[PDB]
file protein.cif (mmCIF, C-alpha atoms)
data_coords
loop_
_atom_site.group_PDB
_atom_site.id
_atom_site.type_symbol
_atom_site.label_atom_id
_atom_site.label_comp_id
_atom_site.auth_asym_id
_atom_site.auth_seq_id
_atom_site.Cartn_x
_atom_site.Cartn_y
_atom_site.Cartn_z
ATOM 1 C CA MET A 1 -25.057 -19.537 -19.558
ATOM 2 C CA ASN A 2 -24.820 -16.606 -17.155
ATOM 3 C CA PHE A 3 -26.795 -15.932 -13.971
ATOM 4 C CA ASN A 4 -28.755 -13.205 -12.206
ATOM 5 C CA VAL A 5 -25.693 -12.405 -10.122
ATOM 6 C CA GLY A 6 -27.358 -9.251 -8.804
ATOM 7 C CA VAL A 7 -29.637 -11.481 -6.726
ATOM 8 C CA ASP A 8 -26.743 -12.586 -4.520
ATOM 9 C CA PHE A 9 -24.171 -9.778 -4.957
ATOM 10 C CA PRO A 10 -25.953 -6.441 -5.436
ATOM 11 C CA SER A 11 -23.974 -3.251 -5.942
ATOM 12 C CA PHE A 12 -24.911 0.369 -5.274
ATOM 13 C CA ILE A 13 -23.541 3.734 -6.370
ATOM 14 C CA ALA A 14 -21.517 5.553 -3.712
ATOM 15 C CA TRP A 15 -20.043 8.494 -5.660
ATOM 16 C CA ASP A 16 -20.981 9.424 -9.229
ATOM 17 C CA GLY A 17 -18.539 12.340 -9.520
ATOM 18 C CA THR A 18 -20.855 15.127 -8.339
ATOM 19 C CA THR A 19 -22.730 13.719 -5.320
ATOM 20 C CA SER A 20 -22.184 11.143 -2.569
ATOM 21 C CA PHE A 21 -25.016 8.745 -1.736
ATOM 22 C CA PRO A 22 -25.329 6.992 1.654
ATOM 23 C CA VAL A 23 -25.505 3.203 1.349
ATOM 24 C CA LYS A 24 -27.158 0.755 3.750
ATOM 25 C CA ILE A 25 -25.098 -2.245 4.884
ATOM 26 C CA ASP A 26 -27.390 -3.492 7.663
ATOM 27 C CA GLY A 27 -28.623 -6.694 6.036
ATOM 28 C CA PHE A 28 -25.290 -7.724 4.488
ATOM 29 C CA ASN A 29 -22.459 -9.116 6.611
ATOM 30 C CA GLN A 30 -19.677 -8.299 4.122
ATOM 31 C CA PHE A 31 -19.018 -5.456 1.705
ATOM 32 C CA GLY A 32 -16.311 -3.605 -0.175
ATOM 33 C CA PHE A 33 -15.574 -0.760 -2.544
ATOM 34 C CA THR A 34 -14.507 -0.564 -6.183
ATOM 35 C CA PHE A 35 -12.800 2.366 -7.904
ATOM 36 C CA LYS A 36 -12.512 3.311 -11.570
ATOM 37 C CA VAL A 37 -11.347 6.297 -13.605
ATOM 38 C CA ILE A 38 -12.664 7.871 -16.803
ATOM 39 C CA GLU A 39 -9.894 10.332 -17.750
ATOM 40 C CA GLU A 40 -6.230 11.119 -17.223
ATOM 41 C CA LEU A 41 -5.563 12.473 -13.735
ATOM 42 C CA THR A 42 -3.617 15.601 -12.822
ATOM 43 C CA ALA A 43 -2.757 14.601 -9.238
ATOM 44 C CA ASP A 44 -3.674 12.211 -6.453
ATOM 45 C CA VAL A 45 -7.236 12.381 -5.131
ATOM 46 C CA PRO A 46 -7.883 11.338 -1.498
ATOM 47 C CA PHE A 47 -11.214 10.257 -0.045
ATOM 48 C CA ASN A 48 -12.816 10.199 3.399
ATOM 49 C CA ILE A 49 -14.960 7.372 4.782
ATOM 50 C CA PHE A 50 -18.005 8.171 6.926
ATOM 51 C CA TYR A 51 -20.707 6.157 8.661
ATOM 52 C CA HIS A 52 -24.226 7.045 9.773
ATOM 53 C CA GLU A 53 -26.844 5.641 12.130
ATOM 54 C CA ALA A 54 -30.613 5.630 12.494
ATOM 55 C CA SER A 55 -32.125 9.103 12.538
ATOM 56 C CA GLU A 56 -34.323 10.242 15.409
ATOM 57 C CA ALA A 57 -37.433 11.107 13.383
ATOM 58 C CA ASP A 58 -37.467 7.761 11.543
ATOM 59 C CA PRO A 59 -35.584 4.448 11.964
ATOM 60 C CA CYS A 60 -35.068 4.149 8.174
ATOM 61 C CA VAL A 61 -33.248 7.417 7.383
ATOM 62 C CA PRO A 62 -29.547 8.048 8.127
ATOM 63 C CA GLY A 63 -28.404 10.727 10.524
ATOM 64 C CA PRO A 64 -25.433 13.088 10.323
ATOM 65 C CA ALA A 65 -22.102 11.843 9.040
ATOM 66 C CA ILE A 66 -19.664 10.346 11.562
ATOM 67 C CA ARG A 67 -16.041 9.943 10.512
ATOM 68 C CA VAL A 68 -14.780 6.358 10.657
ATOM 69 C CA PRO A 69 -12.011 5.512 13.163
ATOM 70 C CA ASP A 70 -8.750 3.820 12.257
ATOM 71 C CA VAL A 71 -7.839 0.243 13.196
ATOM 72 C CA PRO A 72 -4.101 -0.594 13.185
ATOM 73 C CA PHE A 73 -3.366 -4.052 11.813
ATOM 74 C CA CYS A 74 -1.378 -6.962 13.261
ATOM 75 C CA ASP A 75 1.727 -4.769 13.247
ATOM 76 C CA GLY A 76 2.298 -1.650 11.198
ATOM 77 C CA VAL A 77 1.951 2.086 10.914
ATOM 78 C CA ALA A 78 -1.151 3.991 11.989
ATOM 79 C CA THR A 79 -2.631 7.082 10.380
ATOM 80 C CA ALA A 80 -1.361 10.455 11.560
ATOM 81 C CA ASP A 81 -4.862 11.483 12.720
ATOM 82 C CA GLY A 82 -6.337 8.077 13.570
ATOM 83 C CA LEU A 83 -8.936 8.203 10.783
ATOM 84 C CA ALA A 84 -9.289 5.964 7.747
ATOM 85 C CA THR A 85 -8.693 7.369 4.268
ATOM 86 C CA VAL A 86 -8.113 6.163 0.713
ATOM 87 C CA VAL A 87 -5.651 7.755 -1.721
ATOM 88 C CA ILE A 88 -6.023 7.027 -5.441
ATOM 89 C CA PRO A 89 -2.582 7.014 -7.124
ATOM 90 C CA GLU A 90 -1.903 9.330 -10.046
ATOM 91 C CA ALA A 91 -0.482 6.513 -12.185
ATOM 92 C CA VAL A 92 -3.841 4.700 -12.310
ATOM 93 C CA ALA A 93 -4.739 3.773 -15.880
ATOM 94 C CA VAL A 94 -8.173 4.317 -17.401
ATOM 95 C CA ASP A 95 -8.640 0.591 -18.133
ATOM 96 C CA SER A 96 -8.179 -0.687 -14.566
ATOM 97 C CA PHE A 97 -10.116 -1.040 -11.323
ATOM 98 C CA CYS A 98 -9.085 -0.869 -7.670
ATOM 99 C CA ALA A 99 -10.639 -2.675 -4.700
ATOM 100 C CA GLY A 100 -10.392 -2.078 -0.962
ATOM 101 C CA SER A 101 -12.537 -2.287 2.147
ATOM 102 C CA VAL A 102 -12.423 -1.242 5.804
ATOM 103 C CA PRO A 103 -11.931 -3.864 8.560
ATOM 104 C CA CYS A 104 -14.765 -2.732 10.853
ATOM 105 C CA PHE A 105 -18.482 -2.079 10.490
ATOM 106 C CA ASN A 106 -19.496 0.722 12.879
ATOM 107 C CA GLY A 107 -22.904 2.209 12.052
ATOM 108 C CA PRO A 108 -25.367 0.439 9.748
ATOM 109 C CA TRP A 109 -24.823 2.991 6.940
ATOM 110 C CA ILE A 110 -21.677 4.037 5.075
ATOM 111 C CA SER A 111 -20.649 6.920 2.836
ATOM 112 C CA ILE A 112 -17.648 8.330 0.981
ATOM 113 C CA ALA A 113 -16.706 11.703 -0.500
ATOM 114 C CA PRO A 114 -13.548 13.442 -1.733
ATOM 115 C CA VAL A 115 -11.511 15.684 0.530
ATOM 116 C CA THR A 116 -11.956 18.597 -1.896
ATOM 117 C CA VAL A 117 -14.388 18.878 -4.801
ATOM 118 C CA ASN A 118 -12.738 20.141 -7.987
ATOM 119 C CA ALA A 119 -12.325 19.302 -11.668
ATOM 120 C CA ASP A 120 -10.055 16.366 -10.769
ATOM 121 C CA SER A 121 -12.399 14.710 -8.260
ATOM 122 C CA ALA A 122 -15.082 14.328 -10.946
ATOM 123 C CA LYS A 123 -12.936 11.832 -12.886
ATOM 124 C CA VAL A 124 -13.472 8.947 -10.428
ATOM 125 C CA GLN A 125 -16.333 6.520 -9.824
ATOM 126 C CA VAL A 126 -16.864 4.554 -6.608
ATOM 127 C CA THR A 127 -19.247 1.613 -6.209
ATOM 128 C CA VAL A 128 -20.009 -0.576 -3.189
ATOM 129 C CA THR A 129 -20.582 -4.331 -3.409
ATOM 130 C CA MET A 130 -22.399 -6.499 -0.867
ATOM 131 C CA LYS A 131 -22.405 -10.195 -0.032
ATOM 132 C CA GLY A 132 -24.145 -12.639 2.265
ATOM 133 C CA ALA A 133 -27.631 -11.308 2.926
ATOM 134 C CA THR A 134 -28.824 -12.089 6.454
ATOM 135 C CA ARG A 135 -32.607 -11.786 6.027
ATOM 136 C CA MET B 210 47.890 -10.906 2.524
ATOM 137 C CA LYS B 211 48.713 -9.720 -0.987
ATOM 138 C CA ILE B 212 52.014 -9.345 -2.855
ATOM 139 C CA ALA B 213 51.686 -5.934 -4.490
ATOM 140 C CA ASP B 214 55.123 -5.937 -6.134
ATOM 141 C CA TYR B 215 58.418 -7.806 -6.401
ATOM 142 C CA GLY B 216 60.779 -4.874 -6.980
ATOM 143 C CA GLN B 217 63.985 -4.666 -8.988
ATOM 144 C CA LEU B 218 67.204 -6.207 -7.665
ATOM 145 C CA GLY B 219 70.609 -6.257 -9.319
ATOM 146 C CA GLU B 220 71.752 -5.144 -12.763
ATOM 147 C CA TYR B 221 74.485 -5.656 -15.329
ATOM 148 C CA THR B 222 77.492 -3.522 -14.387
ATOM 149 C CA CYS B 223 80.858 -2.641 -15.881
ATOM 150 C CA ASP B 224 83.521 -5.120 -14.801
ATOM 151 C CA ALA B 225 85.991 -2.408 -13.760
ATOM 152 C CA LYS B 226 83.713 -1.181 -10.953
ATOM 153 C CA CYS B 227 84.441 -2.627 -7.515
ATOM 154 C CA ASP B 228 81.022 -2.366 -5.825
ATOM 155 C CA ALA B 229 77.278 -2.583 -6.452
ATOM 156 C CA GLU B 230 74.120 -0.609 -5.737
ATOM 157 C CA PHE B 231 70.937 -1.107 -3.744
ATOM 158 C CA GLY B 232 67.743 -1.700 -5.687
ATOM 159 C CA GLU B 233 64.150 -0.894 -4.813
ATOM 160 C CA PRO B 234 62.661 -3.852 -2.892
ATOM 161 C CA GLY B 235 59.104 -5.028 -3.333
ATOM 162 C CA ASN B 236 55.959 -4.323 -1.354
ATOM 163 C CA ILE B 237 53.549 -6.511 0.617
ATOM 164 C CA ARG B 238 50.107 -5.404 1.785
ATOM 165 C CA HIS B 239 47.670 -6.544 4.465
ATOM 166 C CA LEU B 240 43.975 -6.558 3.558
ATOM 167 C CA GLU B 241 40.765 -7.519 5.341
ATOM 168 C CA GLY B 242 37.079 -7.863 4.550
ATOM 169 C CA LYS B 243 33.653 -7.992 6.154
ATOM 170 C CA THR B 244 30.493 -10.103 6.334
ATOM 171 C CA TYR B 245 26.962 -8.749 5.903
ATOM 172 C CA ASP B 246 23.537 -9.538 7.349
ATOM 173 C CA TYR B 247 20.116 -10.221 5.800
ATOM 174 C CA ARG B 248 16.998 -10.033 7.972
ATOM 175 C CA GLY B 249 13.224 -9.700 7.844
ATOM 176 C CA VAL B 250 9.988 -10.206 9.750
ATOM 177 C CA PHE B 251 6.326 -10.929 9.011
ATOM 178 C CA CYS B 252 3.204 -11.343 11.146
ATOM 179 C CA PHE B 253 -0.210 -12.988 10.832
ATOM 180 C CA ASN B 254 -3.657 -12.876 12.396
ATOM 181 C CA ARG B 255 -4.363 -16.166 14.127
ATOM 182 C CA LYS B 256 -8.042 -16.678 13.284
ATOM 183 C CA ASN B 257 -7.716 -15.606 9.647
ATOM 184 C CA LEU B 258 -4.653 -17.794 9.143
ATOM 185 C CA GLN B 259 -6.419 -20.739 10.794
ATOM 186 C CA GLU B 260 -9.638 -20.406 8.770
ATOM 187 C CA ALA B 261 -8.148 -19.672 5.340
#
call {"tool": "encode", "arguments": {"input": "protein.cif", "output": "structure tokens"}}
result
Amino acid sequence: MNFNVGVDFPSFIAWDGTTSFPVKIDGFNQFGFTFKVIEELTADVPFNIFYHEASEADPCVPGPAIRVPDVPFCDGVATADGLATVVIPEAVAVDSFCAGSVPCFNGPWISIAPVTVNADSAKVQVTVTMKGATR
Amino acid sequence: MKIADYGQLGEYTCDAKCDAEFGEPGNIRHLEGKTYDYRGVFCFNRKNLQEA
């Protein structure tokens, strides 16, 4: 017997390979990403993490993109520009998935997009998972 | 210390000769070593470590 797991742990598309879709994290108090590949890669592909906030004309539409700030850990290096990023290694196999999440919330919406759109950035798929609804 | 060699001393000589020769004595060497160090460090976050 399986369950309707989507009731408790819904997931939403964040990057389908041609467009980036803002995702709402307001009602969920935890979340994370998930990465997968569909073809052999030619080089590393980095990503940028953004966050949005309520637009002026309507409280249910996101505003312009705001780049996320970095948060150094207990003790360790910090990014050269103070902004969070994710780098997908070239060695990643087609039959594997990668998981990682940011430590801080910031605005009630989140987004992600590649640093440069090209034939290599279309070979990745990013999905966001939630947990712990608060309403 | 280390004894590198013992050298050659003395030989069979004709009886008529009235003296003997000097050989090539051995060699002794002084050697020394060293000791090495292994070290590391790790850190935790207090609340996470206490709630896990």
call {"tool": "resolve_selection", "arguments": {"input": "protein.cif", "expression": "the PyMOL selection byres ((chain A and resi 102) around 12)", "output": "PyMOL selection string"}}
result
chain A and resi 30-33+48-51+68-73+83-86+99-101+103-106+110-112+128
call {"tool": "closest_atom_pairs", "arguments": {"input": "protein.cif", "of": "chain A", "to": "chain B", "cutoff": "12 Å", "atoms": "all atoms listed in the file", "output": "JSON lines"}}
result
{"residue": "A:73", "atom": "CA", "partner": "B:254", "partner_atom": "CA", "distance": 8.8}
{"residue": "A:74", "atom": "CA", "partner": "B:254", "partner_atom": "CA", "distance": 6.4}
{"residue": "A:75", "atom": "CA", "partner": "B:252", "partner_atom": "CA", "distance": 7.1}
{"residue": "A:76", "atom": "CA", "partner": "B:252", "partner_atom": "CA", "distance": 9.7}
call {"tool": "atom_distance", "arguments": {"input": "protein.cif", "atom1": "atom CA of residue A:41", "atom2": "atom CA of residue A:81"}}
result
26.5 Å
call {"tool": "residues_around", "arguments": {"input": "protein.cif", "residues": "stretch 237-249 of chain B", "least_positions_apart": "6", "cutoff": "6 Å", "atoms": "all atoms listed in the file", "output": "PyMOL selection string"}}
result
chain B and resi 210-213
call {"tool": "resolve_selection", "arguments": {"input": "protein.cif", "expression": "the PyMOL selection byres ((chain B and resi 232) around 6)", "output": "PyMOL selection string"}}
result
chain B and resi 217-218+231+233
call {"tool": "resolve_selection", "arguments": {"input": "protein.cif", "expression": "the PyMOL selection byres ((chain A and resi 98) around 7)", "output": "MDAnalysis selection string"}}
result
chainID A and resid 34:36 96:97 99:100
call {"tool": "residues_around", "arguments": {"input": "protein.cif", "residues": "stretch 60-63 of chain A", "least_positions_apart": "2", "cutoff": "10 Å", "atoms": "all atoms listed in the file", "output": "VMD selection string"}}
result
chain A and resid 22 to 24 51 to 58 65 to 66 107 to 110
call {"tool": "atom_distance", "arguments": {"input": "protein.cif", "atom1": "atom CA of residue A:26", "atom2": "atom CA of residue A:8"}}
result
15.2 Å
call {"tool": "residues_around", "arguments": {"input": "protein.cif", "residues": "residue A:37", "least_positions_apart": "6", "cutoff": "10 Å", "atoms": "all atoms listed in the file", "output": "list in words"}}
result
residues 88, 92, 93, 94, 95, 96, 97, 98, 122, 123, 124, 125 and 126 of chain A
call {"tool": "axis_aligned_box", "arguments": {"input": "protein.cif", "around": "stretch 30-36 of chain A", "padding_each_side": "5 Å", "output": "JSON"}}
result
{"center_x": -16.1, "center_y": -2.5, "center_z": -3.7, "size_x": 17.2, "size_y": 21.6, "size_z": 25.7}
call {"tool": "atom_distance", "arguments": {"input": "protein.cif", "atom1": "atom CA of residue A:46", "atom2": "atom CA of residue A:117"}}
result
10.5 Å
call {"tool": "decode", "arguments": {"input": "protein.cif", "residues": "stretch 218-235 of chain B", "atoms": "N, CA and C atoms", "output": "PDB file, in the first residue's frame"}}
result
ATOM      1  N   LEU B 218      92.308  -5.244   7.020  1.00  0.00           N
ATOM      2  CA  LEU B 218      93.509  -5.106   7.831  1.00  0.00           C
ATOM      3  C   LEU B 218      94.355  -6.360   7.698  1.00  0.00           C
ATOM      4  N   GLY B 219      95.635  -6.174   7.389  1.00  0.00           N
ATOM      5  CA  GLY B 219      96.573  -7.277   7.349  1.00  0.00           C
ATOM      6  C   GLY B 219      96.433  -8.166   6.133  1.00  0.00           C
ATOM      7  N   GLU B 220      97.515  -8.846   5.767  1.00  0.00           N
ATOM      8  CA  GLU B 220      97.517  -9.729   4.610  1.00  0.00           C
ATOM      9  C   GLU B 220      98.662 -10.719   4.756  1.00  0.00           C
ATOM     10  N   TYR B 221      98.614 -11.770   3.943  1.00  0.00           N
ATOM     11  CA  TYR B 221      99.710 -12.727   3.891  1.00  0.00           C
ATOM     12  C   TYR B 221     100.868 -12.138   3.097  1.00  0.00           C
ATOM     13  N   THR B 222     102.065 -12.170   3.679  1.00  0.00           N
ATOM     14  CA  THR B 222     103.233 -11.527   3.095  1.00  0.00           C
ATOM     15  C   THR B 222     104.396 -12.504   3.025  1.00  0.00           C
ATOM     16  N   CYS B 223     105.291 -12.257   2.073  1.00  0.00           N
ATOM     17  CA  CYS B 223     106.502 -13.057   1.949  1.00  0.00           C
ATOM     18  C   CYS B 223     107.313 -12.975   3.234  1.00  0.00           C
ATOM     19  N   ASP B 224     107.878 -14.109   3.648  1.00  0.00           N
ATOM     20  CA  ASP B 224     108.605 -14.156   4.911  1.00  0.00           C
ATOM     21  C   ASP B 224     109.858 -13.290   4.878  1.00  0.00           C
ATOM     22  N   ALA B 225     110.505 -13.174   3.717  1.00  0.00           N
ATOM     23  CA  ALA B 225     111.762 -12.437   3.638  1.00  0.00           C
ATOM     24  C   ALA B 225     111.601 -10.958   3.957  1.00  0.00           C
ATOM     25  N   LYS B 226     110.421 -10.387   3.731  1.00  0.00           N
ATOM     26  CA  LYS B 226     110.208  -8.968   3.977  1.00  0.00           C
ATOM     27  C   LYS B 226     110.231  -8.680   5.472  1.00  0.00           C
ATOM     28  N   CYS B 227     110.726  -7.497   5.831  1.00  0.00           N
ATOM     29  CA  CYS B 227     110.985  -7.145   7.220  1.00  0.00           C
ATOM     30  C   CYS B 227     110.020  -6.101   7.771  1.00  0.00           C
ATOM     31  N   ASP B 228     108.925  -5.814   7.074  1.00  0.00           N
ATOM     32  CA  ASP B 228     107.963  -4.827   7.550  1.00  0.00           C
ATOM     33  C   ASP B 228     106.582  -5.185   7.010  1.00  0.00           C
ATOM     34  N   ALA B 229     105.603  -4.330   7.298  1.00  0.00           N
ATOM     35  CA  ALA B 229     104.227  -4.562   6.887  1.00  0.00           C
ATOM     36  C   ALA B 229     103.598  -3.235   6.493  1.00  0.00           C
ATOM     37  N   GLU B 230     102.420  -3.319   5.888  1.00  0.00           N
ATOM     38  CA  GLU B 230     101.747  -2.169   5.305  1.00  0.00           C
ATOM     39  C   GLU B 230     100.537  -1.755   6.135  1.00  0.00           C
ATOM     40  N   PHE B 231     100.042  -0.553   5.850  1.00  0.00           N
ATOM     41  CA  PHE B 231      98.808  -0.072   6.452  1.00  0.00           C
ATOM     42  C   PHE B 231      97.627  -0.387   5.546  1.00  0.00           C
ATOM     43  N   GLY B 232      96.555  -0.892   6.142  1.00  0.00           N
ATOM     44  CA  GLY B 232      95.351  -1.204   5.404  1.00  0.00           C
ATOM     45  C   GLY B 232      94.461   0.012   5.247  1.00  0.00           C
ATOM     46  N   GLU B 233      93.203  -0.253   4.911  1.00  0.00           N
ATOM     47  CA  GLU B 233      92.192   0.791   4.801  1.00  0.00           C
ATOM     48  C   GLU B 233      91.162   0.589   5.902  1.00  0.00           C
ATOM     49  N   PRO B 234      91.199   1.353   6.990  1.00  0.00           N
ATOM     50  CA  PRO B 234      90.284   1.099   8.107  1.00  0.00           C
ATOM     51  C   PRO B 234      88.831   1.332   7.716  1.00  0.00           C
ATOM     52  N   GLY B 235      87.944   0.901   8.607  1.00  0.00           N
ATOM     53  CA  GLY B 235      86.523   0.952   8.349  1.00  0.00           C
ATOM     54  C   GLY B 235      85.958   2.353   8.479  1.00  0.00           C
TER      55      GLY B 235
END
